[PDB]
>>> print(open('upload.csv').read())   # CSV, C-alpha atoms
chain,number,residue,atom,x,y,z
K,1,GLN,CA,81.1,147.3,98.8
K,2,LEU,CA,83.6,144.4,98.4
K,3,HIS,CA,87.3,144.2,99.6
K,4,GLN,CA,89.5,141.2,98.7
K,5,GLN,CA,93.2,141.0,100.0
K,6,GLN,CA,95.7,138.2,99.1
K,7,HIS,CA,99.3,138.0,100.4
K,8,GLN,CA,102.0,135.4,99.9
K,9,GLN,CA,105.6,135.2,101.1
K,10,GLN,CA,108.6,132.8,100.6
K,11,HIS,CA,111.8,133.7,102.6
K,12,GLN,CA,115.0,131.5,102.3
K,13,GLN,CA,118.4,132.0,104.0
K,14,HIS,CA,121.9,130.3,104.4
K,15,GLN,CA,120.9,127.6,101.8
K,16,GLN,CA,122.9,125.1,99.7
K,17,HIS,CA,122.0,122.4,97.1
K,18,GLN,CA,118.4,123.6,96.4
K,19,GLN,CA,118.6,121.6,93.1
K,20,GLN,CA,115.4,121.0,91.0
K,21,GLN,CA,113.7,123.3,93.5
K,22,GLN,CA,110.2,124.8,92.8
K,23,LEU,CA,108.6,127.8,94.5
K,24,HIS,CA,105.0,128.3,93.2
K,25,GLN,CA,102.9,131.3,94.3
K,26,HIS,CA,99.3,131.2,92.7
K,27,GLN,CA,96.5,133.7,93.2
K,28,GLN,CA,92.9,134.1,91.8
K,29,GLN,CA,90.0,136.5,92.6
K,30,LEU,CA,86.5,136.4,91.0
K,31,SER,CA,83.2,138.3,90.9
H,1,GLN,CA,79.7,144.8,102.8
H,2,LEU,CA,82.1,141.9,102.4
H,3,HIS,CA,85.8,141.6,103.5
H,4,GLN,CA,88.0,138.6,102.5
H,5,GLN,CA,91.7,138.3,103.8
H,6,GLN,CA,94.1,135.5,102.8
H,7,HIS,CA,97.7,135.3,104.1
H,8,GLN,CA,100.4,132.5,103.5
H,9,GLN,CA,104.0,132.3,104.7
H,10,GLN,CA,106.9,129.9,104.1
H,11,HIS,CA,110.2,130.7,106.0
H,12,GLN,CA,113.3,128.4,105.6
H,13,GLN,CA,116.9,128.8,107.3
H,14,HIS,CA,120.3,127.1,107.6
H,15,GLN,CA,119.1,124.4,105.1
H,16,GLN,CA,121.1,121.9,102.9
H,17,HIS,CA,120.1,119.2,100.3
H,18,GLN,CA,116.5,120.5,99.6
H,19,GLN,CA,116.7,118.5,96.3
H,20,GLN,CA,113.4,117.9,94.3
H,21,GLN,CA,111.7,120.2,96.9
H,22,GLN,CA,108.3,121.9,96.2
H,23,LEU,CA,106.7,124.9,97.9
H,24,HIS,CA,103.1,125.5,96.7
H,25,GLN,CA,101.1,128.5,97.8
H,26,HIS,CA,97.5,128.4,96.3
H,27,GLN,CA,94.7,131.0,96.9
H,28,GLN,CA,91.2,131.5,95.5
H,29,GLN,CA,88.3,133.9,96.4
H,30,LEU,CA,84.8,133.9,94.8
H,31,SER,CA,81.5,135.8,94.9
D,1,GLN,CA,78.4,142.5,106.9
D,2,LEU,CA,80.7,139.5,106.5
D,3,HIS,CA,84.4,139.1,107.5
D,4,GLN,CA,86.6,136.1,106.5
D,5,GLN,CA,90.3,135.7,107.6
D,6,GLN,CA,92.6,132.9,106.7
D,7,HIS,CA,96.3,132.6,107.8
D,8,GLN,CA,98.9,129.8,107.2
D,9,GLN,CA,102.5,129.5,108.3
D,10,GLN,CA,105.4,127.0,107.6
D,11,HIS,CA,108.7,127.7,109.5
D,12,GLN,CA,111.8,125.4,109.1
D,13,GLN,CA,115.3,125.7,110.6
D,14,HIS,CA,118.7,123.9,110.9
D,15,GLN,CA,117.5,121.3,108.3
D,16,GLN,CA,119.4,118.7,106.1
D,17,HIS,CA,118.3,116.1,103.5
D,18,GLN,CA,114.7,117.5,102.9
D,19,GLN,CA,114.7,115.5,99.6
D,20,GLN,CA,111.5,115.1,97.6
D,21,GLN,CA,109.8,117.4,100.2
D,22,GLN,CA,106.4,119.1,99.6
D,23,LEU,CA,105.0,122.1,101.4
D,24,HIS,CA,101.4,122.8,100.3
D,25,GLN,CA,99.4,125.8,101.4
D,26,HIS,CA,95.8,125.8,100.0
D,27,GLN,CA,93.0,128.4,100.7
D,28,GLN,CA,89.5,129.0,99.3
D,29,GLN,CA,86.7,131.4,100.3
D,30,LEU,CA,83.1,131.5,98.8
D,31,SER,CA,79.9,133.6,98.9
Z,1,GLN,CA,145.3,112.4,109.7
Z,2,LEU,CA,141.9,112.2,107.9
Z,3,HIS,CA,141.0,110.3,104.7
Z,4,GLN,CA,137.5,110.6,103.1
Z,5,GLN,CA,136.6,108.5,99.9
Z,6,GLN,CA,133.3,108.8,98.0
Z,7,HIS,CA,132.4,106.7,94.9
Z,8,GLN,CA,129.1,106.6,92.8
Z,9,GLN,CA,128.2,104.6,89.7
Z,10,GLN,CA,125.2,104.4,87.3
Z,11,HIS,CA,125.5,101.8,84.5
Z,12,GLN,CA,122.6,101.3,81.9
Z,13,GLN,CA,122.4,98.9,78.9
Z,14,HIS,CA,120.0,97.6,76.1
Z,15,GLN,CA,117.5,100.4,77.1
Z,16,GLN,CA,114.5,102.0,75.3
Z,17,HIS,CA,111.9,104.8,76.2
Z,18,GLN,CA,113.8,106.3,79.2
Z,19,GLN,CA,111.7,109.4,78.7
Z,20,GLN,CA,111.7,112.2,81.4
Z,21,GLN,CA,114.4,110.1,83.1
Z,22,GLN,CA,116.6,111.7,85.9
Z,23,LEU,CA,120.0,110.4,87.1
Z,24,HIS,CA,121.3,112.4,90.1
Z,25,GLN,CA,124.7,111.9,91.7
Z,26,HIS,CA,125.3,114.2,94.7
Z,27,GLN,CA,128.3,114.4,97.0
Z,28,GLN,CA,129.5,116.6,99.9
Z,29,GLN,CA,132.5,116.4,102.3
Z,30,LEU,CA,133.1,118.8,105.3
Z,31,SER,CA,135.7,119.6,108.0
L,1,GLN,CA,143.4,108.9,112.5
L,2,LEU,CA,140.0,108.7,110.8
L,3,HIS,CA,139.0,106.8,107.6
L,4,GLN,CA,135.5,107.2,106.0
L,5,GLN,CA,134.5,105.2,102.8
L,6,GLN,CA,131.1,105.5,100.9
L,7,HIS,CA,130.2,103.5,97.8
L,8,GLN,CA,126.9,103.4,95.8
L,9,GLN,CA,125.9,101.5,92.6
L,10,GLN,CA,122.9,101.4,90.3
L,11,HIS,CA,123.1,98.8,87.4
L,12,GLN,CA,120.2,98.4,84.9
L,13,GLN,CA,119.9,96.0,81.8
L,14,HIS,CA,117.5,94.8,79.1
L,15,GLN,CA,115.0,97.6,80.2
L,16,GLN,CA,112.0,99.3,78.4
L,17,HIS,CA,109.4,102.0,79.3
L,18,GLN,CA,111.5,103.5,82.3
L,19,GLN,CA,109.3,106.7,81.9
L,20,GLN,CA,109.4,109.4,84.6
L,21,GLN,CA,112.1,107.3,86.3
L,22,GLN,CA,114.4,108.8,89.0
L,23,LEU,CA,117.8,107.4,90.2
L,24,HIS,CA,119.1,109.4,93.2
L,25,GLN,CA,122.6,108.8,94.8
L,26,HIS,CA,123.2,111.1,97.8
L,27,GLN,CA,126.3,111.1,100.1
L,28,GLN,CA,127.5,113.3,103.0
L,29,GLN,CA,130.5,113.1,105.4
L,30,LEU,CA,131.2,115.4,108.3
L,31,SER,CA,133.8,116.2,111.1
T,1,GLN,CA,141.6,105.1,115.2
T,2,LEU,CA,138.1,105.0,113.5
T,3,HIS,CA,137.0,103.2,110.3
T,4,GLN,CA,133.5,103.7,108.8
T,5,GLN,CA,132.4,101.7,105.6
T,6,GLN,CA,129.1,102.1,103.8
T,7,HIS,CA,128.0,100.2,100.7
T,8,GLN,CA,124.7,100.2,98.7
T,9,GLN,CA,123.7,98.3,95.5
T,10,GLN,CA,120.6,98.3,93.2
T,11,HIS,CA,120.7,95.8,90.3
T,12,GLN,CA,117.7,95.5,87.9
T,13,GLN,CA,117.3,93.1,84.8
T,14,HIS,CA,114.8,92.1,82.0
T,15,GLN,CA,112.4,94.9,83.2
T,16,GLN,CA,109.4,96.6,81.5
T,17,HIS,CA,107.0,99.4,82.5
T,18,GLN,CA,109.0,100.8,85.5
T,19,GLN,CA,107.0,104.0,85.1
T,20,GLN,CA,107.1,106.7,87.9
T,21,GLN,CA,109.9,104.5,89.5
T,22,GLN,CA,112.2,105.9,92.2
T,23,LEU,CA,115.6,104.5,93.4
T,24,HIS,CA,117.0,106.4,96.4
T,25,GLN,CA,120.5,105.7,97.8
T,26,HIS,CA,121.2,107.9,100.9
T,27,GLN,CA,124.3,107.9,103.1
T,28,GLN,CA,125.6,110.0,106.0
T,29,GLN,CA,128.7,109.7,108.4
T,30,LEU,CA,129.4,112.0,111.3
T,31,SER,CA,132.1,112.6,114.0
B,1,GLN,CA,97.7,87.2,59.1
B,2,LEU,CA,98.2,89.7,62.0
B,3,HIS,CA,96.3,93.0,62.6
B,4,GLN,CA,97.3,95.4,65.5
B,5,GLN,CA,95.3,98.7,66.1
B,6,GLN,CA,96.2,101.3,68.8
B,7,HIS,CA,94.2,104.5,69.4
B,8,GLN,CA,94.7,107.3,72.1
B,9,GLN,CA,92.8,110.5,72.7
B,10,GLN,CA,93.2,113.5,75.0
B,11,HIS,CA,90.4,116.2,74.8
B,12,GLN,CA,90.5,119.4,77.0
B,13,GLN,CA,88.0,122.4,77.1
B,14,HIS,CA,87.2,125.6,79.0
B,15,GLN,CA,90.5,125.2,81.0
B,16,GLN,CA,92.6,127.7,83.1
B,17,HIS,CA,95.9,127.4,85.1
B,18,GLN,CA,97.1,124.1,83.6
B,19,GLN,CA,100.6,125.0,84.8
B,20,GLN,CA,103.5,122.4,84.8
B,21,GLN,CA,100.9,120.1,83.0
B,22,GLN,CA,102.1,116.9,81.2
B,23,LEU,CA,100.1,114.9,78.6
B,24,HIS,CA,102.0,111.7,77.6
B,25,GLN,CA,100.8,109.4,74.8
B,26,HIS,CA,103.1,106.3,74.4
B,27,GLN,CA,102.7,103.4,71.9
B,28,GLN,CA,104.7,100.3,71.0
B,29,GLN,CA,104.1,97.3,68.8
B,30,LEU,CA,106.4,94.2,68.3
B,31,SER,CA,106.7,91.0,66.3
O,1,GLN,CA,94.8,84.9,62.4
O,2,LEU,CA,95.3,87.4,65.3
O,3,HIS,CA,93.5,90.8,66.0
O,4,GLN,CA,94.6,93.1,68.8
O,5,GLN,CA,92.7,96.4,69.5
O,6,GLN,CA,93.6,99.0,72.2
O,7,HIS,CA,91.7,102.3,72.9
O,8,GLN,CA,92.3,105.0,75.5
O,9,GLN,CA,90.4,108.3,76.2
O,10,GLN,CA,90.9,111.2,78.6
O,11,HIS,CA,88.2,114.0,78.4
O,12,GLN,CA,88.3,117.1,80.7
O,13,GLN,CA,85.9,120.2,80.8
O,14,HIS,CA,85.2,123.4,82.8
O,15,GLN,CA,88.5,122.9,84.7
O,16,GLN,CA,90.7,125.3,86.8
O,17,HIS,CA,94.0,125.0,88.8
O,18,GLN,CA,95.1,121.6,87.2
O,19,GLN,CA,98.7,122.5,88.4
O,20,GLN,CA,101.5,119.8,88.3
O,21,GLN,CA,98.9,117.5,86.6
O,22,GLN,CA,99.9,114.4,84.7
O,23,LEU,CA,97.9,112.4,82.1
O,24,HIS,CA,99.7,109.2,81.0
O,25,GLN,CA,98.4,106.9,78.2
O,26,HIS,CA,100.7,103.8,77.8
O,27,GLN,CA,100.2,100.9,75.3
O,28,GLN,CA,102.2,97.8,74.3
O,29,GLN,CA,101.4,94.8,72.1
O,30,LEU,CA,103.7,91.8,71.5
O,31,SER,CA,103.9,88.5,69.5
R,1,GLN,CA,91.7,82.7,65.5
R,2,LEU,CA,92.3,85.2,68.4
R,3,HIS,CA,90.6,88.5,69.2
R,4,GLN,CA,91.8,90.8,72.1
R,5,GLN,CA,89.9,94.2,72.8
R,6,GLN,CA,91.0,96.7,75.5
R,7,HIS,CA,89.2,100.0,76.3
R,8,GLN,CA,89.8,102.7,79.0
R,9,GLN,CA,88.1,106.0,79.7
R,10,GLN,CA,88.6,108.9,82.2
R,11,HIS,CA,86.0,111.7,82.0
R,12,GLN,CA,86.2,114.8,84.3
R,13,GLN,CA,83.9,117.9,84.5
R,14,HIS,CA,83.3,121.1,86.6
R,15,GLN,CA,86.6,120.5,88.5
R,16,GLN,CA,88.9,122.8,90.6
R,17,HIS,CA,92.2,122.4,92.5
R,18,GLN,CA,93.2,119.0,90.8
R,19,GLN,CA,96.8,119.8,92.0
R,20,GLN,CA,99.5,117.0,91.9
R,21,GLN,CA,96.8,114.9,90.1
R,22,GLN,CA,97.8,111.7,88.2
R,23,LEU,CA,95.7,109.9,85.6
R,24,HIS,CA,97.4,106.6,84.4
R,25,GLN,CA,96.0,104.4,81.6
R,26,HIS,CA,98.2,101.3,81.1
R,27,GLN,CA,97.6,98.4,78.6
R,28,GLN,CA,99.5,95.3,77.5
R,29,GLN,CA,98.6,92.3,75.2
R,30,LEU,CA,100.8,89.2,74.6
R,31,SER,CA,101.0,86.0,72.5
>>> encode(input="upload.csv", output="structure tokens")
Amino acid sequence: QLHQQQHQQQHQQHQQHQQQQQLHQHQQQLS
Amino acid sequence: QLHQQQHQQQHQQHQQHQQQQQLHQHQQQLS
Amino acid sequence: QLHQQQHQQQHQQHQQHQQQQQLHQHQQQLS
Amino acid sequence: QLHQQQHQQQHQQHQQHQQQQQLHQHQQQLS
Amino acid sequence: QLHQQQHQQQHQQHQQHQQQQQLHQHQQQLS
Amino acid sequence: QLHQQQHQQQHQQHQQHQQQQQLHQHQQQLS
Amino acid sequence: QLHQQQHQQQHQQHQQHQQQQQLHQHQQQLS
Amino acid sequence: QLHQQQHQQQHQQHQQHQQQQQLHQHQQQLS
Amino acid sequence: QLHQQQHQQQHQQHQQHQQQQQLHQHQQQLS
């Protein structure tokens, strides 16, 4: 038996001038 | 039996001038 | 039996001029 | 009485191969 | 009475291979 | 009475191979 | 008599997740 | 008589997660 | 008589997580 959990979060609030911004979320699982 | 948990968080608030900003979240699991 | 927990956090508040900023979160688990 | 002046200039001449170039002009005023 | 002056200049001439170049001009004024 | 002057200059000439170059001009004034 | 040779090569194989990748090949010759 | 040879090579194999990667090849010849 | 040879090589294999990587190859020849 194998279990594999991955969780990612990006929260943002009251923001201004987020020019040329990048948010990257990247996930891989192998067997 | 194998368990593998990964968790990532980025919180941001009251922000200004986040120009050319990068948020990277990267995850890998192998067996 | 094997357990493997990884946790990462980046909190930011009342910020200004975070130009050319980088937040990197990187995780790997192997067996 | 309040006065607030902002001025920005970018001049370029006899140029070649300005590939993936970025010119950013950014201005804010508050009260 | 309040006065607030900001001035920025970027001049460039006879240039070649300005690849992946960045010119940033950033200004803020508060009260 | 309050006066606040800020001045910035970047001059460049006869240049070659300014790859991955960055010119940053940053200004703030408060009261 | 003048001879001027320029050669560039980029080979890639068995690849994954080449996100936001850049391959630049740049050539100039003058007289 | 003048001869001028330039050669560049980038080989890559069995790769993963080459995110925000840059390969730059740059060549100039003058007379 | 003038001869001018330039050679550059970058080989990479079995790689992972080459994030924000840069490979630069730069060549100039003058007369």
>>> interface_residues(input="upload.csv", of="chain L", to="chain H", cutoff="12 Å", atoms="only C-alpha atoms", output="PDB file with C-alpha atoms, in the frame of the given file")
ATOM      1  CA  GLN L  22     114.400 108.800  89.000  1.00  0.00           C
ATOM      2  CA  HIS L  24     119.100 109.400  93.200  1.00  0.00           C
ATOM      3  CA  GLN L  25     122.600 108.800  94.800  1.00  0.00           C
ATOM      4  CA  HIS L  26     123.200 111.100  97.800  1.00  0.00           C
ATOM      5  CA  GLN L  27     126.300 111.100 100.100  1.00  0.00           C
ATOM      6  CA  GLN L  28     127.500 113.300 103.000  1.00  0.00           C
TER       7      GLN L  28
END
>>> residues_around(input="upload.csv", residues="residue 8 (chain H)", least_positions_apart="3", cutoff="6 Å", atoms="only C-alpha atoms", output="list in words")
residues 8 of chain K; 7 and 8 of chain D
>>> atom_distance(input="upload.csv", atom1="CA of residue 31 (chain L)", atom2="CA of residue 12 (chain H)")
24.5 Å
>>> residues_around(input="upload.csv", residues="residue 1 (chain O)", least_positions_apart="6", cutoff="10 Å", atoms="all atoms listed in the file", output="list in words")
residues 1, 2 and 3 of chain B; 1, 2 and 3 of chain R
>>> atom_distance(input="upload.csv", atom1="CA of residue 18 (chain B)", atom2="CA of residue 20 (chain O)")
7.7 Å
>>> residues_around(input="upload.csv", residues="residue 10 (chain B)", least_positions_apart="5", cutoff="8 Å", atoms="all atoms listed in the file", output="list in words")
residues 23 of chain B; 9, 10 and 11 of chain O
>>> atom_distance(input="upload.csv", atom1="CA of residue 6 (chain R)", atom2="CA of residue 30 (chain B)")
17.2 Å
>>> residues_around(input="upload.csv", residues="residue 4 (chain O)", least_positions_apart="6", cutoff="8 Å", atoms="all atoms listed in the file", output="list in words")
residues 3, 4 and 5 of chain B; 29 of chain O; 3, 4, 5 and 29 of chain R
>>> decode(input="upload.csv", residues="region 15-29 of chain T", atoms="N, CA, C and O atoms", output="PDB file, in the first residue's frame")
ATOM      1  N   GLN T  15      28.409  51.213 -26.769  1.00  0.00           N
ATOM      2  CA  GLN T  15      28.366  49.963 -25.959  1.00  0.00           C
ATOM      3  C   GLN T  15      28.109  48.727 -26.833  1.00  0.00           C
ATOM      4  O   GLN T  15      27.542  48.909 -27.930  1.00  0.00           O
ATOM      5  N   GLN T  16      28.488  47.542 -26.389  1.00  0.00           N
ATOM      6  CA  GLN T  16      28.238  46.252 -27.080  1.00  0.00           C
ATOM      7  C   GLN T  16      28.097  45.144 -26.025  1.00  0.00           C
ATOM      8  O   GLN T  16      28.721  45.293 -24.955  1.00  0.00           O
ATOM      9  N   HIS T  17      27.296  44.116 -26.312  1.00  0.00           N
ATOM     10  CA  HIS T  17      27.133  42.940 -25.416  1.00  0.00           C
ATOM     11  C   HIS T  17      26.719  43.389 -24.013  1.00  0.00           C
ATOM     12  O   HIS T  17      27.419  42.979 -23.057  1.00  0.00           O
ATOM     13  N   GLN T  18      25.667  44.210 -23.884  1.00  0.00           N
ATOM     14  CA  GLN T  18      25.118  44.531 -22.530  1.00  0.00           C
ATOM     15  C   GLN T  18      24.024  43.490 -22.246  1.00  0.00           C
ATOM     16  O   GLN T  18      22.868  43.885 -21.984  1.00  0.00           O
ATOM     17  N   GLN T  19      24.375  42.204 -22.335  1.00  0.00           N
ATOM     18  CA  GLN T  19      23.367  41.131 -22.176  1.00  0.00           C
ATOM     19  C   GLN T  19      22.947  41.053 -20.707  1.00  0.00           C
ATOM     20  O   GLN T  19      23.748  41.464 -19.849  1.00  0.00           O
ATOM     21  N   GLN T  20      21.732  40.594 -20.436  1.00  0.00           N
ATOM     22  CA  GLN T  20      21.173  40.406 -19.072  1.00  0.00           C
ATOM     23  C   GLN T  20      21.527  41.616 -18.188  1.00  0.00           C
ATOM     24  O   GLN T  20      21.759  41.417 -16.977  1.00  0.00           O
ATOM     25  N   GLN T  21      21.475  42.840 -18.829  1.00  0.00           N
ATOM     26  CA  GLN T  21      21.822  44.075 -18.091  1.00  0.00           C
ATOM     27  C   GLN T  21      20.580  44.549 -17.330  1.00  0.00           C
ATOM     28  O   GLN T  21      19.486  44.175 -17.774  1.00  0.00           O
ATOM     29  N   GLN T  22      20.756  45.206 -16.132  1.00  0.00           N
ATOM     30  CA  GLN T  22      19.638  45.851 -15.463  1.00  0.00           C
ATOM     31  C   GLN T  22      20.007  47.262 -15.045  1.00  0.00           C
ATOM     32  O   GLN T  22      20.999  47.462 -14.354  1.00  0.00           O
ATOM     33  N   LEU T  23      19.204  48.249 -15.415  1.00  0.00           N
ATOM     34  CA  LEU T  23      19.287  49.603 -14.885  1.00  0.00           C
ATOM     35  C   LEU T  23      18.050  49.850 -14.036  1.00  0.00           C
ATOM     36  O   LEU T  23      16.930  49.782 -14.530  1.00  0.00           O
ATOM     37  N   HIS T  24      18.255  50.123 -12.753  1.00  0.00           N
ATOM     38  CA  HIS T  24      17.145  50.348 -11.803  1.00  0.00           C
ATOM     39  C   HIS T  24      17.253  51.790 -11.333  1.00  0.00           C
ATOM     40  O   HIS T  24      18.386  52.223 -11.095  1.00  0.00           O
ATOM     41  N   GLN T  25      16.167  52.545 -11.360  1.00  0.00           N
ATOM     42  CA  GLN T  25      16.107  53.922 -10.811  1.00  0.00           C
ATOM     43  C   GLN T  25      14.932  53.821  -9.835  1.00  0.00           C
ATOM     44  O   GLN T  25      13.880  53.335 -10.290  1.00  0.00           O
ATOM     45  N   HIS T  26      15.095  54.148  -8.565  1.00  0.00           N
ATOM     46  CA  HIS T  26      14.048  53.942  -7.533  1.00  0.00           C
ATOM     47  C   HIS T  26      13.995  55.200  -6.678  1.00  0.00           C
ATOM     48  O   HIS T  26      15.070  55.643  -6.262  1.00  0.00           O
ATOM     49  N   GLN T  27      12.810  55.760  -6.453  1.00  0.00           N
ATOM     50  CA  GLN T  27      12.657  56.991  -5.689  1.00  0.00           C
ATOM     51  C   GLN T  27      11.419  56.942  -4.796  1.00  0.00           C
ATOM     52  O   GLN T  27      10.334  56.598  -5.256  1.00  0.00           O
ATOM     53  N   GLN T  28      11.547  57.366  -3.542  1.00  0.00           N
ATOM     54  CA  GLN T  28      10.420  57.539  -2.628  1.00  0.00           C
ATOM     55  C   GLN T  28      10.538  58.834  -1.814  1.00  0.00           C
ATOM     56  O   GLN T  28      11.635  59.201  -1.397  1.00  0.00           O
ATOM     57  N   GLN T  29       9.424  59.515  -1.561  1.00  0.00           N
ATOM     58  CA  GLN T  29       9.346  60.688  -0.684  1.00  0.00           C
ATOM     59  C   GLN T  29       8.117  60.586   0.214  1.00  0.00           C
ATOM     60  O   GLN T  29       7.032  60.280  -0.276  1.00  0.00           O
TER      61      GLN T  29
END
